[PDB]
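*Asks:* what's the 3D shape of this:
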Amino acid sequence: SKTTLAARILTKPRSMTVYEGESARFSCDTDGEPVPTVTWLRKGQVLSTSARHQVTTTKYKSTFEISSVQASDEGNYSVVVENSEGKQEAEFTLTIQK
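*Replies:* Numbering: from 1, shown residues only. Below is the structure:
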């Protein structure tokens, strides 16, 4: 991840289903030279703490946990991890029933 790599997904995040933001935590390990980038987006306003979601990013691994959703965040959400010259993602769906 610092000489000739791109952007790929090693351990994408899984999906989940709850009533709202109970405890659906996620973690996707993505590499990228020199450092990869994560972006959770699908339709609920690029996920990333847009109003009721809580995402975070580390060195080469991001993590998304929903615990503040309101009542209209459906279930499909994704994460396009891109780097200095790559562009992959991880599609999953965190649904809610409230």
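
*Asks:* burial count for the closest residue in space to residue 49 that isn't next to it in sequence?
*Replies:* Spatial nearest neighbour of residue 49, chain neighbours left out: residue 55 (6.1 Å); criterion: C-beta to C-beta, 6 or more residues apart in numbering. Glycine gets a C-beta too; all of them are placed from N, C-alpha and C. When counting by other C-beta atoms under 10 Å, one arrives at 20 neighbours for residue 55.

*Asks:* and residue 55, how far is that from residue 94?
*Replies:* Distance, residue 55 to residue 94, using C-beta to C-beta, to the nearest Å: 12 Å.

*Asks:* now residue 3
*Replies:* Residue 3 is 35 Å from residue 94, by C-beta to C-beta.

*Asks:* neighbour count: these two, which is higher?
*Replies:* residue 94 (26 against 6).

*Asks:* buried residues in the host helix or strand of the residue nearest to residue 49, which are they?
*Replies:* Assessed by DSSP states H and E, residue 55 sits inside strand 53-57. Neighbour counts over strand 53-57 (16 or more other C-beta atoms under 10 Å) mark 53, 54, 55, 57 as buried.

*Asks:* if the second one is in a bridge, with which residues?
*Replies:* Looking back up the chat, that one is residue 54. As for beta bridges, residue 54 partners with residue 65 under DSSP bridges.

*Asks:* pretty sure it sits against residue 65.
*Replies:* Yes - using C-beta atoms under 8 Å as the test, residue 54 is close enough to residue 65 to be in contact (5.4 Å).
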